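Down below is the structure, laid out as structure tokens.
Numbering of ligands and ligand atoms starts at 1, following listing order. For this chain, numbers begin at 1 and follow the sequence in order.
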Amino acid sequence: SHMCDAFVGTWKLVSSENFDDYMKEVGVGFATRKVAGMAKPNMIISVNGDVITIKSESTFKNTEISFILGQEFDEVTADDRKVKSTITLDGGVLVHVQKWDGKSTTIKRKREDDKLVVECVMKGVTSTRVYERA
Ligand SMILES: Clc1ccc2nc(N3CCCCC3)c(-c3nnn[nH]3)c(-c3ccccc3)c2c1
């Protein structure tokens, strides 16, 4: 009931920092990094009962995940990794862990002022992506 109210909406990328390095750390190859790094995706978040859906729509790739908090699921990432993901709420932050091939990355989505701030970490490399209402 009302868990993710402040996340619901259509969010357009307005700034990105260190995403190319993050992608390199994750194992994305050169051509994909270049093309993905140009894109300005829309992240569309909705809730129906306990089910949260997060879609990303872009010129490069479109992605979609639906999930229940705390319940592991299969995910195909934009770079075509086949991962096992779990998303929880921790102190009002959506925390998304992706596991594949013995590796792990954590993605946090936070509401800060009128923005949605997304921090992606792979080992020592952190990237920040800022999205505003579309
Ligand atoms: Cl190659 C590659 C590798 C990993 C990626 N992870 C992303 N996420 C950042 C937002 C939180 C979830 C993770 C995103 C993304 N999704 N929505 N906005 N950026 C992309 C991506 C998708 C479409 C167009 C450009 C970039 C992406 C691309």
Side-chain angles (χ1 to χ4, degrees):
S1 187
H2 299 276
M3 33 169 201
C4 295
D5 277 6
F7 294 97
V8 170
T10 301
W11 299 95
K12 173 74 160 169
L13 183 69
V14 299
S15 67
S16 183
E17 288 286 357
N18 212 55
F19 195 63
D20 188 62
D21 278 332
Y22 170 82
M23 290 188 287
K24 282 185 180 200
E25 210 68 358
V26 166
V28 183
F30 178 88
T32 299
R33 292 198 314 280
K34 294 301 136 181
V35 173
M38 297 296 305
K40 296 289 187 170
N42 285 339
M43 184 183 299
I44 309 151
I45 302 177
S46 60
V47 182
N48 179 329
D50 293 329
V51 183
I52 307 167
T53 299
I54 306 178
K55 296 176 189 194
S56 278
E57 165 201 52
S58 74
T59 60
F60 168 53
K61 298 289 168 172
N62 301 321
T63 64
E64 172 170 341
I65 57 173
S66 294
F67 62 90
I68 298 174
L69 296 168
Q71 303 193 359
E72 184 167 59
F73 65 95
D74 293 314
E75 176 179 14
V76 180
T77 69
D79 59 314
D80 251 307
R81 291 172 285 129
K82 312 305 187 296
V83 312
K84 299 288 184 179
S85 290
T86 311
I87 302 179
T88 57
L89 272 170
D90 172 18
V93 176
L94 286 165
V95 180
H96 177 180
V97 181
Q98 297 178 331
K99 308 288 195 190
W100 75 105
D101 294 343
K103 296 170 184 182
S104 186
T105 185
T106 298
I107 302 147
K108 292 178 177 176
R109 294 172 172 87
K110 310 181 179 178
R111 272 290 312 276
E112 295 195 14
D113 302 318
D114 286 325
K115 300 173 186 198
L116 180 69
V117 176
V118 185
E119 288 168 2
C120 303
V121 175
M122 177 68 183
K123 292 175 271 167
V125 175
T126 312
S127 169
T128 303
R129 292 164 70 90
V130 177
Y131 302 68
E132 294 185 346
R133 299 224 177 242

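- The backbone N or O of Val28 sits less than 3.5 Å from a side-chain atom of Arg33, completing a donor-acceptor pair.
- Considering only residues two or more places apart in sequence or on other chains, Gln98 meets the side-chain hydrogen bond (donor to acceptor under 3.5 Å, both in side chains) condition with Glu75, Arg81.
- Between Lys82 and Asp80 there is a salt bridge, since a side-chain N of the basic residue sits under 4.0 Å from a carboxylate O of the acidic one.
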Please produce the table of protein N or O atoms sitting under 3.5 Å from N or O atoms belonging to ligand 1, one pair a line, distance to 0.1 Å.
from: ligand 1; atom 1: 16 (N); to: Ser56; atom 2: OG; distance (Å): 3.4
from: ligand 1; atom 1: 17 (N); to: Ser56; atom 2: OG; distance (Å): 2.8
from: ligand 1; atom 1: 18 (N); to: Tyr131; atom 2: OH; distance (Å): 2.8
from: ligand 1; atom 1: 19 (N); to: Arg129; atom 2: NH2; distance (Å): 3.0
from: ligand 1; atom 1: 19 (N); to: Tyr131; atom 2: OH; distance (Å): 3.2

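- A distance of 8.0 Å separates CE of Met43 from OG1 of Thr63, quoted to the nearest 0.5 Å.
- Atom CG of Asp5 sits in a crowded spot, with more than 12 heavy atoms from other residues, nucleotides or ligands closer than 6.0 Å.
- Between the side chains of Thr77 and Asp79, at least one donor-acceptor pair of N or O atoms lies under 3.5 Å.
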